[PDB]
Amino acid sequence: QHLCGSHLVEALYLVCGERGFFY
Amino acid sequence: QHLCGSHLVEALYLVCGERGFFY
Amino acid sequence: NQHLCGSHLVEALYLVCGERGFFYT
Amino acid sequence: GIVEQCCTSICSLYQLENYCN
Amino acid sequence: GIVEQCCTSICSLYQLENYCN
Amino acid sequence: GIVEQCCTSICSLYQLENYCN
Amino acid sequence: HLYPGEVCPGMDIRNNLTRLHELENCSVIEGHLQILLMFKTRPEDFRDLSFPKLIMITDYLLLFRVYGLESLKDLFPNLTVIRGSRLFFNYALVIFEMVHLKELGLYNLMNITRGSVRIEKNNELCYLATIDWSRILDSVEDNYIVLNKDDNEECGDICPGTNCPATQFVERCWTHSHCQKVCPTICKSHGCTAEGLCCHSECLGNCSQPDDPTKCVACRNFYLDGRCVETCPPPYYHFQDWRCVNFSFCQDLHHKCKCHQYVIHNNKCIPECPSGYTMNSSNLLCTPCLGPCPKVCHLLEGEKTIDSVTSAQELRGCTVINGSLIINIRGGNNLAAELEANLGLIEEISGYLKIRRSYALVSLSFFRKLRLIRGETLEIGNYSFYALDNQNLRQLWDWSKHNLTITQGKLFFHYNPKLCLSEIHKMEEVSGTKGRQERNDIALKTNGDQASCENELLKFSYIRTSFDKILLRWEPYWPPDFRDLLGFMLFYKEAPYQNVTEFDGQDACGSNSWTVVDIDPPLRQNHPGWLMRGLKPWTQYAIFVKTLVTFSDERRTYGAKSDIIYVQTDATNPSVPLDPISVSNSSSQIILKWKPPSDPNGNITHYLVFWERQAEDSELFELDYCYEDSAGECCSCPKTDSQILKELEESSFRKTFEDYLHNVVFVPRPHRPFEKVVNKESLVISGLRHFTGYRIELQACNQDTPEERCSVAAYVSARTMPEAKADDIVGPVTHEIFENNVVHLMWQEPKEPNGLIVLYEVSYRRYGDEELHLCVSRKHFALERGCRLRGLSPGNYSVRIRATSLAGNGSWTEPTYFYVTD
Amino acid sequence: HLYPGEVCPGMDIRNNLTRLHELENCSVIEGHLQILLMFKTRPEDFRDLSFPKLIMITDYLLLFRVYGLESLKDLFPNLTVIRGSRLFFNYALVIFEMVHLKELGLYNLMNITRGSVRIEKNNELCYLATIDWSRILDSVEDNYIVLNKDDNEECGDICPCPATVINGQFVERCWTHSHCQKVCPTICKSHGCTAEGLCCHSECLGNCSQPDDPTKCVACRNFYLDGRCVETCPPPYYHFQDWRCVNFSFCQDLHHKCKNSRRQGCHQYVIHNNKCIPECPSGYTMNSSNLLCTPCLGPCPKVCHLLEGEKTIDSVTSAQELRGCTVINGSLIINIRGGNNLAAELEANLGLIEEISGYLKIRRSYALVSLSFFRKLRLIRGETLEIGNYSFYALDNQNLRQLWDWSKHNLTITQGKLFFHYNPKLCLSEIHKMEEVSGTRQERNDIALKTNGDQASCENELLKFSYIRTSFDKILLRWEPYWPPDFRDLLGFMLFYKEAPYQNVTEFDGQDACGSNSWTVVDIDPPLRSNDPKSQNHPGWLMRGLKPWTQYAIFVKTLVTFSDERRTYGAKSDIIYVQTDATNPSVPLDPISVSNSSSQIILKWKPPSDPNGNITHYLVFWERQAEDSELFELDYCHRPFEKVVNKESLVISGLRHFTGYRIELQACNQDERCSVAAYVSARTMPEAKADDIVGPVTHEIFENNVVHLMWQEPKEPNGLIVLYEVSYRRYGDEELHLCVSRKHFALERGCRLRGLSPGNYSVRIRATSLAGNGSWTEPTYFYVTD
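Heads up: the sequence lines are chains J, F, D, E, I, C, B and A, in that order.
With PDB author numbering applied, the first sequence covers 4 to 26.
With PDB author numbering applied, the second sequence covers 4 to 26.
With PDB author numbering applied, the third sequence covers 3 to 27.
With PDB author numbering applied, the fourth sequence covers 1 to 21.
With PDB author numbering applied, the fifth sequence covers 1 to 21.
With PDB author numbering applied, the sixth sequence covers 1 to 21.
With PDB author numbering applied, the seventh sequence covers 1 to 162, 168 to 172, 177 to 267, 274 to 539, 546 to 647, 675 to 718, 756 to 907.
With PDB author numbering applied, the eighth sequence covers 1 to 160, 169 to 448, 451 to 647, 756 to 789, 793 to 907.
Printed below as a string of structure tokens:
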């Protein structure tokens, strides 16, 4: 499935957050 | 394998078209 | 490795020489 | 006869070339 | 757009870095 | 003629400077 | 007479009549008797030929297109029993579609030891209806009676009689000169004398002398020492359920055939041990062995060219197959499971091996049981193995769970472009064929070449797993040139057992269970990797990567193969407790039944269940009647290698352009009552108010100790069993007889309202006349402390009263009698 | 007029930037154009140089390693037409290593006359959707455009400039937002157009100062002379290239200069067809005393010597090098690493060669399937030979499928072995032709025939389906066999069948079965007998397991051995679209029936699952199921049918109220072969008014207060009346009713009351049918004496 909304939120969190999660 | 009984006789009648009929 | 032909080769070569004035073919 | 031939097993053209006499 | 690259066809590993700080 | 050495082997610094002078 | 003539076995007569003369001396036609292939034999060829000794047909009598013969009087006029030892389609006698066979010729055979008779589409067989089929067999089974020339009455049947002993069909006869010796219908399979005289069980078919085993024309149970022995001494094996054969006999058969060298089971000599048993080389006994067990299983025609499921289905019931093999497998999308079901238990082959035209394969892990080729059938050049035409043969068997030491024969690897010679090296080293100094013809011009078995492997330097998304970043791979790397190809699939891989997948074309992911390569500085877009929580997956690099005609390869990791998705909230089925098994007990969550996300620690009293409604008291698309990855979307070829061509084009340019450019120096359900799916909620609805909550909690990670509420309203026992009108109807005969009806409300009472039924009746019924609304009931008997009549009144609750009506009260005088 | 500045040549621009001064005078770059090594170039260093020049470039242009220059307007908006007479790696347009160009600025080049476009290495570029390549491309060469920012999500190409769009899309075509797309008449722009948007003189290419004015053009597609764009010129003006002519003095002066040994690289210009050219073509040589091209002793072409005894050609840039050659003094190596559209140029440029000194090697065939440019090439000298004594090498030939004709093109191999490996697109017949036409000698060499012709199906013999038979899943075909030089060399015949919707299916090239997206293969063993019409009249096979009423494209192909002889080619058959016989139309699905009125019922169902042939009709029957009569007396106190043809719904009317009706449905594809009657049921709407009591409520008023009530039974009860609700009421009391049972109704012709209280009494009677039920009789009165 595509990264949308909550999925997108979680995906960015997995990517950014290591340096500050930015949507 | 599935040509049995009357179906077997029909198969023998139909298969040999290059030959006559002897069953 | 160090078999460089392409981006790495060009970036290495330009700093290696030519800043001195590149040879004209 | 052919009952043991095709009802039990599979019959072929080369085999039947000697049949249907 | 982030949604264009992800919601319409999934994004890549290096893609979300652009939309992240 | 540079590629036939720098990927075939490790080009010597002199080889690199040959093309610049 | 116990078979006074020659014991001659069965035969398939074709275009000949000489063996019929042997039948004259013959008493037992052992086995079957087939008369077929009469494409040049005419009725005049067969004449009346008698056999003064013939008594048995151990098997079924098959007649097929016998253009010869004019009747059954021509052949076999003397016969005693058609033994039912062996049958044909469960018919101990098959006479199928033969022209030129009109009459019959026998009168003595009135029995078949067991079985049936297949009289199907007879063309001229007369005198069939004249004989009944229930006097010859033990029981009727599969028996055809239709398709005869006499049931249809398609023959002129002349019956000399029913001697001709006394008992549509005129009489019981077999020919215009042969009548039937009908005997008591008790000698069905035991036979009777040809005078209509039945006898004991020992004698079979015919009995000139009724009793004793030494006077039986034919024996029923067993033959030994010149008598119809009921049971055979163990030395004399029970043979075909009809005789007793010495152990020397069975050993001699065993040695003569080796043909299914004869063995013995339960002191019964048989050609081979029965299924579910195995060889016992003491007395060639058959000891039980369930499933396909190692036995002498000679493959048909000494091999089995397998290209279909059926060809591979012949391995069942056998484990050590005898004969070579030609592997002609082609096609099939994820179908090798059935193969390994049929071949995984096989571990031995007598002959050589051939792999001709096998292409729908990738890796060889199908035989973890085979460890030695007998090589009895040795190919040219002393070869016990022959691999060829394997356009796609990527890898061969391992040496940990699979062993192999070849004793004879060589190895042949030709036309195997996907086969790298390292696997062949392993095969030869462990097997020892090369160790045997055997020149194994290995086409290095086809093996190894056009195949890339590289040593580079990757590993996920960075991992970040969630319940659905798994983020990865492995080590960057850098071949000698930065341009050599051509991206990475990830491969992931579920991991129920941490022993599966793509080579353990379908290993063929079509949709494989394994999924493929591709990742953009880093720049020569980033860690190549991938973040999963979504997965089912609480599920394990095997994941690995195999990168792409530049390849040229010189077979220049640098492929890196990341290792397989079996990682499970993290848990999450459990799904809903499926199917809340709350039913009341009593006025106070309610049984709730449901199913666990679809997604457990860990063990379901418990379930949360509630209930709320849904009592009777208030207005009932007042009621007186008196869009969706595929997202992310695709499992039905294939990728063509032509795209890879064009991509490589384009990349080579661009790189050549670049090198062209560079070399040109430069030149060097010039709340609610509730219960928690733990690991259960049904529960009786005892102790609840009668006739009360109960909106029962249902939650599933896969976590109870750290937190109550419970599913959402599942509300079901279950109403307890209504009780109508208490709607009976209580107390006699006291009559407050006023001046105007107005009887203020004193009847009290029943003990319980049973939910609620909507009205009261008063069947007051003028005694000895038409009955009357009176509806008493609750408002009127309270207003008149019951009701009012107005407009009455002189004389007695019969007054029965029944309340009307919502849980059910009660019972009519006693008819209270008050006599209105005059 | 057309070219104001000097006609400068092309050169390399590296390091310094002083030389750009000269470009301010170069209105025509006669030749290539190359710039390289721009590292000290800032986006501010180019504001200092711009040109009113470079109106036309005869050859390719090269971009390499430059910074700044965010747009293109910082230089000439010129170069309306590029000749592209020379291409770099087949590219007249090369874009590489650009990290500052944010958009496009030039608006004159409307014709890509020659060359391909290589756009790459861009991470800041925009305005690439305003090209309108159809209006720009007068020649296409599969231009490579990747690795650009506009390729990525970059911009929308916005301009105050909708311009002209002849594409399916519609873009505001504007290289820069300020200047729109250069618009020229869509009917006349190759015949010269104008910046004014008017058709120009048909002696010019592209823009012109004035419409239909050769004097006022911008580029000369044909010739330029005397301040006017022309197509003809006097002899003194010898035609130089195809955009102008040049004076004689130029010709003899350059002839004399190139004659002097200090510069022998240039050729002594000669006059040919009143055109001054550098040298003379094949068959001709230099005429120092004549400035012409005279045969030496007749033909005398260029003996083209190959350095290192071999020439490798990979691009048009490389192909243009040895044009006009007839004698080749070396070997050759050819490789096609992608790219296509090449054979036409080979035929037009290098077909003149007729002999080769050395060997030849071919690898990675990717753009050719045949060769026809060499008919004159008949001899290989074999001077240069490969290891293994090879005069030829074939590998990775995954595209080539034809070598040449054998009558028009002959061949003679003097010496050298031959390599033929991994050429599945080239079959064994062509290899045999090499061997025979070339006479190669004829010594067999190590050749992997198992790797050549794998995908090249060259079964020259044929198979034909002699016997035909079929019954609804069983097609038995006994084709005409093929007999190789031996009945045992024969390895069998493979049957290929597949369902076909219409006759467009063809045969396959050949592969082993691994998936589920190819023809269905059935191999038949080779008849190893000497053609006995007693053991095999016609080799064939009966395939089964199909379904009725389905067409199947079918053919067969022979299996043959690898005979070293040029024989044993194999045979094949033709695509026969055999339609399987139709039987059993199958059962209509999901019968539906719902009543919408007392005499109205709606019925539906679904088409049969396997309609064989065509569903000819549907057999539909039904019957009314009246209400059962057992409840009639109890007191609680043939078949009508319709025909359907290719339809799935029905409406039934004219029925009685309520009662049951069950309907069967079975289709019939033939009229016959029918199906199973799909049974559905429905009940019409009951008529509660038909359930109404007929006959009034008679009152046999007697002095004894005995009242006898007679009434009749409803006219059309839904079923029948089970009892009667006789509500005689004393005025001023609660519910009073009489449950008149059937037995009681028959007993008292309804009911009989005996005894009532003084005063008038009213009575209502209601029947009770099975459905709907009766209705209350009107309240009728009878006064009881007071």
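Note that CB positions come from ideal geometry on N, CA and C, so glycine has one too.
Taking only the alpha-carbon atoms, compute the straight-line gap between residue i and residue j and give it to the nearest angstrom.
i	j	result
B/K557	B/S378	29 Å
A/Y67	A/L36	11 Å
B/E469	B/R371	27 Å
B/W183	B/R118	17 Å
B/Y367	B/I388	7 Å
B/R634	B/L486	50 Å
A/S467	B/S700	29 Å
A/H187	I/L16	37 Å
A/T461	A/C241	60 Å
B/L501	B/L569	5 Å
Quick one: is residue i buried, meaning 16 or more other Cβ sit within 10 Å of its Cβ, or exposed?
i	result
B/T422	exposed
B/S415	exposed
A/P170	exposed
B/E782	buried
B/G306	exposed
Taking 7 Å as the line, does the beta carbon of residue i fall inside it for any heavy atom of the ligand NAP?
i	result
D/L17	Of the ligands one can find in the structure shown there are none, so the ligand NAP has no counterpart to examine.
Is any beta-carbon of chain E found at less than 8 Å from that of residue i?
i	result
A/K474	no
F/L17	no
B/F427	no
A/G550	yes
Report all residues from its chain with a CB closer than 6 Å to the CB of residue i; omit the five preceding and five following residues, and keep chain order.
i	result
B/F96	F64, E120
A/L147	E120, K121
Listing by chain order, which chain B residues have their CB less than 8 Å from the CB of residue i?
i	result
F/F25	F39, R65
Can you find a C-beta in chain B that's less than 8 Å from the C-beta of residue i?
i	result
C/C11	no
A/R554	no
A/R851	yes
If we cut at 8 Å on Cβ distances, does residue i have a partner in chain D?
i	result
B/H710	yes
In chain F, which residues lie with their C-beta within 9 Å of the C-beta of residue i?
i	result
A/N547	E21, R22
Cβ of residue i less than 8 Å from any chain J Cβ?
i	result
B/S767	no
Give the residues of chain A in contact with residue i, contact being defined as C-beta atoms less than 9 Å apart.
i	result
E/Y19	Per Cβ cutoff of 9 Å: no residues; E/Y19 is ~11 Å from chain A at best.
At 7 Å on the CB atoms, spell out the chain F contacts of residue i, in chain order.
i	result
A/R488	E21
Looking only at its own chain, which residues have a Cβ that is under 7 Å from the Cβ of residue i, when we skip the five neighbours before and after it?
i	result
B/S862	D645, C647, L844
Anything in chain A within Cβ reach of residue i, meaning under 7 Å, just list it in chain order.
i	result
B/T704	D322, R345
Determine, using beta carbons only, whether residue i comes closer than 8 Å to chain I.
i	result
B/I534	yes
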